[PDB]
Amino acid sequence: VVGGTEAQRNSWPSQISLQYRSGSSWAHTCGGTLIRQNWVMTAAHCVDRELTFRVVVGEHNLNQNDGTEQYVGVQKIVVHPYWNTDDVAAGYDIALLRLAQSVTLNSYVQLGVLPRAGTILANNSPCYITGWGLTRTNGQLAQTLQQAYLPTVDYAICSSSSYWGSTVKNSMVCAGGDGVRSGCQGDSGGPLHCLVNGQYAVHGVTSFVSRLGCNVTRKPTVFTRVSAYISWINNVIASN
Ligand SMILES: *C(=O)[C@@H](C(C)C)[C@H]1[C@H](NS(C)(=O)=O)CCN1C(=O)/C=C/CN1CCCCC1
């Protein structure tokens, strides 16, 4: 997250760190949202690789013991069937991960609430992106979880020529684009938390940014629109 602030450790308990095995260690690669004690929602682009993954819940600092973490392996991965790795702009950037064990819930570990199917936010709706992604374009990952306020940019504005044009589809949510704040590499797969009727819900799964950089004016961060996938998510959890 570029231009973020450190999140309080109990503000976003559904946020998880998705990591892969690298040598004798684990490397953070993406964010994700805990949706069931044994299921995590992330981006397809985070797991369409030949790696061994684990999820860390109750994670605040990737490099220090927080004393609240639960480390769990990923048992099964279900990527959206229309996903195409070399065509993120087509959409379908979503995947569900079934965990090897069910995690224990507490103030640092909670299920993320998803919007009702079809829900679209009004332009400039208040949301926060969270994650450990780069803190600057071509920079380095954050050690502590960061958050940045990114109000939404509706489909009509987002798909206009000075914004993203037709690269953005109606199955996506755009947010930010102020040139200072944004998601960045390593934030992909994580949540876009939006406040609606007093409660935060995860309306987006971080998917992509501009080729020019993370925080680019009029190139808001783009997310898979969760509300376009409620039936898909329900179908997967039920058949697995
Ligand atoms: C996730 O971290 C994203 C954004 C949110 C930073 C990032 C990831 N790239 S990487 C180097 O961490 O593997 C996954 C894809 N991604 C992108 O920004 C992809 C952008 C690609 N463009 C191609 C042109 C059409 C729009 C998307």
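Return the single residue from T224, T135, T119 with maximal mean-square fluctuation; model: Gaussian network over the chain, springs between Cα atoms under 10 Å. Between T224, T135, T119, it is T119 that shows the largest mean-square fluctuation.
Magnitude of the Cβ-charge dipole of the chain, K/R +1 and D/E -1, about the Cα centre, nearest 20 debye? Display every interim value, and only then the final one.
Numbers: 15 positive and 12 negative charges, 33 e Å.
Computed about the Cα centre, the dipole is about 160 debye.
Between the helical axis of 230-239 and the longest alpha-carbon principal axis of the chain there is an angle of about 20 degrees.
For the peptides 83-93, 141-151, the ranking by packing is 141-151, 83-93, with the highest mean count of neighbouring Cβ atoms within 10 Å listed first. Out of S188, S14, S162, any idea which swings most in a Gaussian network model of the chain, alpha carbons joined below 10 Å? Residue with maximal mean-square fluctuation among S188, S14, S162: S162.
Debye calculation, C-alpha points only, no solvent: report log10 I(q)/I(0) for the range 28-149 at q = 0.11, 0.17, 0.20 Å⁻¹, in the same order as the q values. Per q value, in the given order, log10 I(q)/I(0) is -0.43, -1.07, -1.41.
When each of the peptides 33-39, 66-72, 128-134 is scored by how many other beta carbons lie within 10 Å of its residues on average, the order from highest to lowest is 128-134, 33-39, 66-72.
Positive end of the dipole of the chain (Cβ unit charges, origin at the Cα centre): among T135, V196, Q101, the Cα lying farthest that way belongs to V196.
With +1 on the Cβ of every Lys and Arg and -1 on the Cβ of every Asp and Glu, and nothing else charged, how large is the dipole of the range 1-119 about its Cα centre, in debye rounded to the nearest 20?
On the way: 8 positive and 9 negative charges, 78 e Å.
So the dipole magnitude of the range 1-119 works out to roughly 380 debye.
A DSSP coil position with no more than 10 other Cβ atoms inside 10 Å describes the following trypsin sites (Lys or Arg not before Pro) in the range 43-100: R49. Could you tell me whether the range 105-224 comes out rounded, prolate or oblate from its Cα gyration tensor? Rule is a ≥ b ≥ c as square roots of the eigenvalues, rounded for a/c under 1.5, then prolate if a/b exceeds b/c, otherwise oblate. Since a/c reaches 1.5 but b/c is at least a/b, the shape of the range 105-224 is classed as oblate.
In order along the range 195-207, the Karplus-derived 3J(HN,Hα) couplings, from 6.51 cos²θ - 1.76 cosθ + 1.60 at θ = phi - 60°, round to 8, 9, 6, x, 10, 7, 9, 8, 8, x, 10, 3, 10 Hz, and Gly and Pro are given as x.
Taking a ≥ b ≥ c as the square roots of the Cα gyration tensor eigenvalues, the chain comes out rounded, since a/c falls below 1.5. Under the combined filter of DSSP loop state and at most 13 neighbouring Cβ atoms within 10 Å, the range 170-240 retains these trypsin sites (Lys or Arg not before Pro): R211. Suppose we look only past 22 Å in the calculated P(r) of the range 80-169. What percent of the Cα-Cα pairs does that tail hold? Above the 22 Å cut-off, the range 80-169 has 54 percent of its Cα pairs.
The sum of -39500 (n - 2.57) across all DSSP H runs of n ≥ 4, divided by the residue count of the chain, sets its helix-only mean residue ellipticity at 222 nm to -1500 deg cm²/dmol.
Just so you know, all these numbers are worked out from the coordinates, no wet-lab data involved. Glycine gets a Cβ as well: all are built from the backbone with ideal geometry, and neighbour counts include every protein chain shown.
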